[PDB]
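Right, one structure below, let's go through it.
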Amino acid sequence: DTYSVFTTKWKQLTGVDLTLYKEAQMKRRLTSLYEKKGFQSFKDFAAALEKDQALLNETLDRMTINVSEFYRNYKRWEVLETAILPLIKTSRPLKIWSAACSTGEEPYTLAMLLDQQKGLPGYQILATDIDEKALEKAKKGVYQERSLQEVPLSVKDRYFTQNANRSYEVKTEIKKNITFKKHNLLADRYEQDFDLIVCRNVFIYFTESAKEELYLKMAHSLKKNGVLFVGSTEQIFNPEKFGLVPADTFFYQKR
Ligand SMILES: Nc1ncnc2c1ncn2[C@@H]1O[C@H](CSCC[C@H](N)C(=O)O)[C@@H](O)[C@H]1O
């Protein structure tokens, strides 16, 4: 099976195991991507990826639909703000994970939302992705207005400089609370004791079996009463089996 042989090679080069991704769907996206570059097989595509780092980094950067924006599904962030933050705040700083942060819109949202919380003891956000080019971009912190349409104007004025007409940059007072790190949700060790884990619009790529395994690792990585925030098409069935209780739509609390 040519995709089988290719999956083996990709795992060896990047540690990413495509057997843990929906097959028909990823197989089609990657066929499309090698064909656009005029490869004629996975075999030939694999050979180039081993010899061209840029092609490899480009391919990781193209294995999902990764366009993002601040406050993606804006009303869910008000839920987080009003309904969820009271459940998780304690006397200690909040420890947050933005798991699959892409170009950084999400973790920056989290930081700007949390900074507005007067008297919150502190906040710490780990922001991870497998895509190093997206992490590079997130670190730089420069966004075009298209990524900021849901940022309320006072928040945009407070936490970014506007450097040109539709070009803004996140201030250091926000960046300093975020650590951008290369990390594979499917393979790498998870830190522990998070108050909040935000993992949105990534599980959609994984097989049912792979994401079920990741819900249990996440439930484990939460402090008791901590919360998991998922994407607006995602759902965990029988959350009680993971020791999670649904808090509002798309939020799960560790009991
Ligand atoms: N195994 C894996 N571990 C970590 N990140 C992964 C991954 N597989 C894919 N990704 C990343 O998942 C991202 C999905 S885009 C979603 C970004 C953001 N959470 C939002 O909601 O808009 C991409 O940046 C892709 O690089």
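Going by what's in this entry, would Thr161 be described as of a type outside the set (A, V, I, L, M, F, W, C), touching a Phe, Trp or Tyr at 6+ places or on another chain (Cβ under 8 Å) and within 11 Å of the ligand (Cβ to nearest atom)?
For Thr161, the condition - of a type outside the set (A, V, I, L, M, F, W, C), touching a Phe, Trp or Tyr at 6+ places or on another chain (Cβ under 8 Å) and within 11 Å of the ligand (Cβ to nearest atom) - is not met.
Of all residues in region 51-75, those that are in contact (Cβ under 8 Å) with a residue 60 or more places away in the chain have Cβ atoms under 6 Å from Cβ atoms of residues that are near the ligand (Cβ under 7 Å from one of its atoms) and of a type in the set (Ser, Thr, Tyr), 6 or more apart or on another chain, in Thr64/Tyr205; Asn66/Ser102; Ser68/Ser102. Annotation note: Cβ proximity below 7 Å between a residue of region 12-24 that is more than 15 Å from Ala46 (Cβ to Cβ) and in the same structural domain as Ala46 (by CATH) and a residue that is among the hydroxyl-bearing types (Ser, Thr, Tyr) and near the ligand (Cβ under 8 Å from one of its atoms) (sequence gap 6+ or interchain) occurs for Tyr21/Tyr205; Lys22/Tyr205. Beta carbons closer than 8 Å, at least 6 apart along the sequence or on distinct chains, pair a first residue in region 227-245 that is aromatic (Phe, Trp, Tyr) with a second that is assigned to a helix (DSSP H, G or I) for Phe229/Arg76; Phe229/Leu80; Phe229/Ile84; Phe242/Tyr215; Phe242/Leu216; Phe242/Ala219.
Quickly run through region 222-233 and pick out the residues that are out of contact with any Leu (no Cβ under 9 Å at 6 or more places or on another chain) and either hydrophobic (A, V, I, L, M, F, W, C) or surrounded by 15 or more Cβ atoms within 10 Å (Cβ to Cβ) (or both).
The answer is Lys223, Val230, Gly231.
May I ask you to list the residues in region 88-102 that are surrounded by fewer than 24 Cβ atoms within 10 Å (Cβ to Cβ), among the β-branched types (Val, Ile, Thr) and not in a helix (DSSP H, G or I)? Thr90, the sole residue that qualifies. No other residue among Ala47, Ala138, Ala111 is in a helix (DSSP H, G or I), more than 16 Å from the ligand (Cβ to nearest atom) and among the hydrophobic types (A, V, I, L, M, F, W, C) apart from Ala47. Taken residue by residue, region 71-87 has no member that is closer than 25 Å to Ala187 by Cα, away from the ligand (no atom under 14 Å from the Cβ) and surrounded by 16 or more Cβ atoms within 10 Å (Cβ to Cβ). What number of residues within region 160-185 satisfy the criterion of being within 28 Å of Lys211 (Cβ to Cβ) and buried (at least 20 other Cβ atoms within 10 Å of the Cβ)? Looking only at that region, the number is 4.
Considering region 189-210, the residues that are more than 14 Å from the chain's Cα centre (by Cα) and surrounded by 18 or more Cβ atoms within 10 Å (Cβ to Cβ) include one that is nearest to the ligand (Cβ to nearest atom), namely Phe194.
Do the conditions hold for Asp195, that is, is it of a type in the set (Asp, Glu), outside any strand (DSSP E or B) and not assigned by CATH to the domain that holds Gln12? So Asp195 fails the test.
Would it be correct to say that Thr19 is within 13 Å of the ligand (Cβ to nearest atom) and not in a helix (DSSP H, G or I)? When the stated conditions are applied, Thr19 does not pass them. Of everything in region 198-222, what is touching a residue at least 60 places away in the same chain (Cβ under 8 Å) and either among the acidic types (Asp, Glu) or assigned to a strand (DSSP E or B) (or both)? Give them in sequence order. The answer is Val198, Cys199, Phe206.
Name the residues in region 142-176 that are outside any loop (DSSP other than H, G, I, E, B), among the charged types (D, E, K, R) and closer than 20 Å to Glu106 by Cβ, would you?
Result: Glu145, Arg146, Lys156, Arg158, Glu169, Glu173, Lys175.
Does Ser32 satisfy being under 25 Å from the mean Cα position of the chain (by Cα), surrounded by fewer than 15 Cβ atoms within 10 Å (Cβ to Cβ) and free of Cβ contacts under 8 Å to residues at least 24 places away in the same chain? Judged against the criteria, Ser32 is a match.
All Cβ positions, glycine included, derive from the backbone under ideal geometry; neighbour counts span all protein chains shown. Basis: the model, the stated rules and, where named, an outside source; none is laboratory data.
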